[PDB]
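S.K.: When you get a sec, could you give me coordinates for this:
(2 chains)
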Amino acid sequence: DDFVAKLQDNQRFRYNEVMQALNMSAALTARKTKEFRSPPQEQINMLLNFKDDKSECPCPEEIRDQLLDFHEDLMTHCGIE
Amino acid sequence: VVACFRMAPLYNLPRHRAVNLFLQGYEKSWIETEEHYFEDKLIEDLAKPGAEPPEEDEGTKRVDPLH
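M.R.: Numbers count the residues shown, from 1 in each chain, chains lettered A, B, ... in the order given. Below you will find the coordinate block:
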């Protein structure tokens, strides 16, 4: 519930930044809005890459930490310590 | 041009649709990729005759759970 709301707010803020910065270079806009032009399933799949150290996901570290803590709590509840 | 480029972003989508997409993505990205090794421990535990001679048997050695 709240994880996706925070993700959507962050995505809106990033999109606003990309609109503010698009006028600098048109070629920049192409791969900067590739994310927003991808299908929604791909968008959320590629935003859910906090695992490992690839760090290609454009997501805040605190937002990553919330999911990394929930995933540890879920493993503890599932008994996969 | 505009219609081709600007398809529905995530933030435009309603809350419940985004939640369902997050559930599917979280599943296939984290839950499936999560790996823990238990096969050797489980087989070793199942292959142990547990206190059978102390237990009342009055017969041949009872088959182990793996058996």
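S.K.: where does chain A come near chain B, residue by residue?
M.R.: A:1, A:3-5, A:7-9, A:11-12, A:15, A:33, A:36-37, A:39-41, A:43-45, A:47-49, A:51, A:71, A:75, A:80 (Cβ under 8 Å from any Cβ of the partner chain). Placement of C-beta: from N, CA and C, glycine included.
S.K.: The chain: helices as residue ranges?
M.R.: Let's take chain A. Ranges of helices within chain A are A:2-21, A:26-37, A:40-47, A:61-78, based on DSSP state H.
S.K.: ah, I was thinking of chain B
M.R.: Using DSSP H, helices in chain B cover B:2-5, B:15-26, B:39-46.
S.K.: Now do the last one: everything it contacts.
M.R.: Taking contacts as Cβ atoms under 8 Å, 6 or more residues apart in numbering or on different chains, the residues outside helix B:39-46 that touch it are B:64-66.
S.K.: Closest to chain A out of those?
M.R.: Relative to chain A, the closest of those is residue B:65; by Cβ to the nearest Cβ it sits at 20.6 Å.
S.K.: check contacts around the closest one.
M.R.: Residue B:65 neighbours (Cβ under 8 Å, 6+ apart): B:46-47.
S.K.: Can you report how many residues neighbour residue 60?
M.R.: Picking chain A for this. Neighbour count of residue A:60, defined by other Cβ atoms under 10 Å in any protein chain shown: 13.
S.K.: that's the wrong chain, I meant chain B
M.R.: So residue B:60, with other Cβ under 10 Å, has 6 neighbours.
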